[PDB]
Student: 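Here's a structure for you.
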Amino acid sequence: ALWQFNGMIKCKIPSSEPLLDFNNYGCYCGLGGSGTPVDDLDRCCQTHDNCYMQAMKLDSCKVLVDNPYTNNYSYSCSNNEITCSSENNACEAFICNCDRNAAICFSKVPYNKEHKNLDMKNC
Ligand SMILES: [Ca+2]
């Protein structure tokens with residue numbers, strides 16, 4: 001769910017408030033997404049978006065009404081390391097992995113403020 005993803009990013013980037021810093025960035029970081037990614041951070045979000053779409057393709061997810069944004073899963077942050085729990089069932093485990101990969105991706109690429117609140121005209 002959104003609140004777990006928020007925590008994962010903070011696990012990797014302790015100085016940020018992810019829901020503020022990484023929302024409405026480029027063409028993909030935020031609700032929806034289209035066009036060509038503007039930079040590598042934006043590409044991280046495109047990959048994350050594709051991961052969520054793939055998750056909704058799984059038979060294990062189409063059984064629950066929980067949406068990737070509201071579906072809770074278990075994970076831990078320890079020494080700034082993210083670990084998805086084995087207690088997670090099929091759907092939750094896939095989502096957890098999508099989020100973990102994105103959080104790590106976010107922490108490895110440059111952040112370009114020029115792309116914040118980008119005009120959808122570019123997407
Ligand atoms: Ca998106």
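Atoms within a ligand are numbered from 1 in the order they appear, just like the ligands themselves. Numbering of residues begins at 1 and proceeds along the displayed sequence. Side chains are part of it too, since the values below use all heavy atoms of this structure and drop only hydrogens, waters and symmetry mates.
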Student: Taking backbone and side chain together, does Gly32 place any N/O/S atom at a distance below 3.0 Å from the Ca ion (ligand 1)?
Tutor: yes
Student: Quick one: sort the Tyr111 and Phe22 rings into parallel, tilted or perpendicular, breaks at 30° and 60°.
Tutor: perpendicular
Student: Below 3.0 Å, any N, O or S contact between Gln46 and the Ca ion (ligand 1)?
Tutor: no
Student: Is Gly30 close enough to the Ca ion (ligand 1) to have an N, O or S atom under 3.0 Å?
Tutor: yes
Student: Hey, what's the angle at the Ca ion (ligand 1) spanning O (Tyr28) and OD2 (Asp49), nearest 10 degrees?
Tutor: 100°
Student: Quick check: are the SG atoms of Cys29 and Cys44 less than 2.5 Å apart?
Tutor: no
Student: Looking just at side-chain N and O atoms, do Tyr52 and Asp99 make a donor-acceptor pair shorter than 3.5 Å?
Tutor: yes
Student: Side-chain donor-acceptor pair under 3.5 Å between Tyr25 and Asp39, yes or no?
Tutor: yes
